[PDB]
Structure formats: structure tokens, C-alpha cells
């Protein structure tokens, strides 16, 4: 009898998924790390050479965390002393290595504790942020030119985002953008002077006698938000003037009338930049297209080139207005926007004309635009077989929109239905990355004739190992409710028998625009639960979920904690009505937004669930950040949506928890969903006399991802689920 996929296998990663992470350095070459050596591959023929011997930095004296080669291939940036901060931010030390001279540069080194660094897109200029100010080095070994003098810890951020912009707007720490050929450096400046601070203790190593109080400018719903300004500086003038001028580009009048955000920055040409602004009430955004005026050294944004994007049913964009993809001459661009039917498709815009033309349409959506050439636009969508949880690469002829070719749909339909892509510099080649439903498969292709060049990694090694394991199977299907299809997936135990009644665990996230039902292959906790514990693990995408049109996504507008919660309960009812589920053993669990939904469900009094686990749950919307919360909930004031804010808390459902078994878990150093959120849930449960299980994780953040805490939490949850389901 073959072994099963156990908890230890998951926690120790015995069955390793292989991937193929390459870095395009040109239009026909990429870098790949093999046996700690950096190799350079020729896409066309597959042959290669050693770009940088693994013994190059054996006496560097430091473990190198990452590297970055300059665009011209002349230097390599070495990152070490990596210190993580939030989801994307971190600080580190950097050294620059001269490839040609094969020497490390020791003069005018990048400062320690540097917050962000980036090469110019062409050549080898560098821009970095240190102590919240921007610096530019024209040459690696020469002195830096300071660009800003206003930087101030926790107050003024130049070229880097503050906490909320990093997490909710840019999903990046950097807030600087080099123009295409490197002449200009654009950047944002955030001012958090009046933004309130979240404070929590950090205990650190046992040797620290007094706990440290961490303080972070973080605007909770309805609080004072950071303000923002945008500037552009000409780096080519740096060595000619003592102090180069940063030219400010002001937001439009329609934005200046109230609170607003800078939400996108995209260069069009060497002398034209586009910026998108979003009002604090996130259903109105404006894009300005600004040109450099060589006679005045200023940037002007013609109103005739301004584009408005608004929404009558919800917020704008999936999580923010989408980015534009400009044609080479910068006179037109393509952008994903929702059409009249509520589905996101690609629209073609002339920069000085307000009405655009949709080039794709249908009851499916475009996920992203991947590359644009003079003759073709490449994009990823879920059109294939009408499966919203699938992803394929398509090519559309710019001179004839009726000519659309799916480049990945039929490569291996049974094994591959979820693709992402990586194009070379001028799109001459592309790497396809299949991530499911079968084992991930990485392949290389030539754009000139769309022919497959070779398989890069097929995971045959893993497939061989899994042959001797009783793996679970995955079912992806839908149920019809109110004439609408809603998709779900089920991880089913080996030798599934529909004549038996299996316990069921509902794995939930369900946040706005989320998707938990897809064709991706995963080896995770659910794999062990189904394989070893014979538990069915299901997920359902109901109202509020994404990639299926606005009608579904905007159903929860201004009403978080309602339909998305109700639909998970209904999904459980539908699953029990399938005949192979033990109604007496239905559990539910979720992390983050999933923890909020899990808690709301356990406190609904539905009687459908026996037990549930919430990890780092949101508990009341006024405790979460402004940008994310307000996008879906508006403002917490009597004149706007305060009543629903107060009506959608977990605490108000405390009494109903007497009907279930609950495990509440939270990391004490969670900078995202503050420990405070679970602290209030527990106090409300204690106040009504409800017993429950709890676990805090000292110094862990929203990811509870340290190696030991990760193993500890899944082990703890495994015992809780096995006990609730009466499993040996």
C-alpha cells in the first residue's frame, strides 16, 4: 500500500516542485542559476556559458541575498545584509562589481541601510533611497548627487512608499520611475505628518530586557491619510548644475478639491509621462498625459489628453485603475477597463480623444496585457472553455482585430490550463509557465513563428516521486444559483467513493475580486488533509469574487460581511446535498479576509458548521486601513456608511459562538491586521461567556511564515481539526 501525503511531507517539503526562473537580459539571452553558478543562455539554440562562476564571491565575506546586472551588462549589483520590513519593503547593503575589470568597487559605496536601489533602464546609472531621500550615481564609482533634502523617518518619504501605499496601491516599496532611456527620474513624495500611528510591542530575542514599541504611520478607516506630490528631475543635468531642480506635476483640479491618491505612473516616451489619480471615494479616477516643454523646462498636461474612468456600480479597477500600454510613438495606448456589460476588456485609446474602442469582448475577462509590438498585442484571459479559473495567452493582430490566436490553449489541454508568460526584451521569445492542473511545465517559444523551441523543466523528477504516493484528486465545477454559475473546487481523498460520507473542510478567503476555485496544482495543507486524513477540502467563489464580471464582483459594494459570507454558508448546504458529505462534520477555516469570513460564518447561527479556525482575522472594518477598506465600504460616518461598518463586526455575533468550536490565532507583530482585531474578538467572547481555543504567535506578522512558526501553526490546526472530526 503506497504511502500518503502526510503533514511532515508538507512541513518538511519532501516533495519539491521545480520551477525555472530566468532573467531576460536582452532580446535573445537570459540568465539562469544552476548549481550556484550564473549561466547565460541563448534562447534561439539553448546553448550557454558561465556568466559568473559561483566561486566569484567565496571570499566576499557575506552571504549574497540577490543580484542585479545593469542593463548594459557592465556591472552587477550585489545585495546582502537583507532585512525584511513589510510585504514588499526591506533594507540591505549593496556592493557593485565591475564585470569587465572583474573587480569589486570600494569607492563611493552605496550606504548601508539603503531602502531601495534600481539601475536606469539603459546603461548603468543608479538611483537609490537612503534615509528617505533620493540619490543618483551616474557612474558606479563616482559620488552620488542628492535629489531630495526633505526625507524624515515616518514623516516624509521620497521615492519610497509609506505603509498603506506599499500594501494597497503600488504593491511595491519603490516610488520612483526612470524614463525609457534614463534621462529623467520621476518620483512620488508621501507626507504622513498627521497620519495616526499603530503601536504594538515587539519582544525580540530573550536577551532584550524591555520590549520595544513599534510605531507605524497607518491610517485606519476614516482617519487622516498621507498626502502625495509628484516630481520629475532631469538626471542628465546633474553634473552641470550644483542642485538640479525637481519639477512638480500637480494633480488635476478634480482631485485637488478633496482627499486623493496617486495610483499609477507610466512613461509613454522619452518626453511624455502618464499619471493616474484616484479620489478618496474610489469610483472616480483621472489620467493626465504630460509632455516635457523644452523651452520652459516644465511638464504640461493638456486637458484634451486627460482621461476619466469612473464606476457607477463599484470602485474603479480590480484593486486600482489598470495601467496603460503605449504604442512606440506614445500617441495611443491600450488599457483594460470594464465594458458596458461589466466585463474587463482591452480598450484602444488615441491620447487626445476621449472615446476608446474595445478590441476584445465577451462574457469572460482579460487578466493582463503582457507585451505590445508594432503588429501584435499579447494578453492573458480566462476565455478558454468559459472557465473563469483558467488562464491562457492570446495574440491579437493590431491591423485586424478579428484575428485572435490562442498561443497556449492546445499545447497540452489536459495538463495545462493556467499559464503566465515571460517575454524577452523586444518580445522575440517568450517563456510559458503552466502551473496546473497537472505538474507545472516551463517551455520556451519563438515569437516569429510561435513554435516551441524546447521544454525547460517538466518536473519529471517530482512526477516519479509522486507515483508511489496516494495523492488526492481535484474537482473544479460549478453550481447554479439564481440563474448564475458559481464555481467551486474540491480536493478529494484518494479512492474517493461517492457512496461514503466524508467530513468536509471549507477553505475560505472570499475577499473582493478573490478567486479560490482554479486550475492550479498545489501541494499544501489541504493535500495532507485529503490524502492522509480523508477529509474533503472545498472552496467556493460566490458574490464579490473576481474575473467573472462586475455584476458578481460589485455585488458586495458598500456591504462587506454580507453576501460573500452568506454564499459560503449556502455553498456548504449545496455540498451536503451532494450526498457524500457527513452533515455532522462540516468545518470552515480562513486566513486574513478569510479569517473574517470564517468568523462571520461561525457567528451567524446557521447551525451548518461544527467548528472553525480564523487566522489573523479582520474583526471590525474601522480597524483596517483606509485605502483597502474605503474602496469597498465608503467612509465610516453617519452621512456615508457608518451603520454598515457597525453592523458588520465579528464582535456583535459573539453570543452565537456558543454553538460552535472556535480556534482563534494571531501573530503579535502583525502590522497589517493588528493583533488588536483578535484582541477585541476574544474580549467579546469572554464577555458573553463563550469558551474557545486560542494561540498567539510571538513576533510573527500577518504571514506567520517564519520556519518554526509555520510548522507550529499547521501542527496546532491539524490537531484541532482532527479532534473536531473525531479522527484518530
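Numbering follows the first chain given and starts at 1. For the two forms, the rigid core is made up of the largest set of C-alpha atoms that agree within 1.5 Å on superposition.
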Q: Return whichever of 361 to 369 or 233 to 241 has the larger RMS Cα deviation from the displayed form in 4 other deposited structures of this protein, where every structure is aligned on the rigid core.
A: 233 to 241
(Q) So, in 4 other deposited structures of this protein, taking the root mean square over structures and residues of the Cα distances after a rigid core fit: is 243 to 251 or 437 to 445 the more displaced stretch? (A) 243 to 251
Q | Stretch with the greater mean C-alpha B-factor as recorded in the entry, comparing 164 to 172 against 529 to 537 | A | 529 to 537
Q. Going by the B-factors listed in the PDB entry, is the mean over the C-alpha atoms higher for 475 to 483 or for 417 to 425?
A. 475 to 483
(Q) Using only the C-alpha B-factors in the record, can you name which of 233, 96, 208, 228 has the highest? (A) 96
Q: Please work out which residue in 673, 69, 665, 669 has the highest C-alpha B-factor recorded for this crystal structure.
A: 69
Q) Should residue 141 be placed in the lowest, middle or highest third of its chain by the C-alpha B factor in the entry? A) highest
Q) So where's residue 364 on the chain's Cα temperature factor ranking, which third? A) middle
Q: Please place residue 58 in the lowest, middle or highest third of its chain by C-alpha B factor as given in the entry.
A: highest
Q | Third of the chain's Cα B-factor distribution that residue 705 belongs to, per the entry | A | middle
Q | Chain-wide C-alpha B factor ranking for residue 39, given as lowest, middle or highest third | A | highest
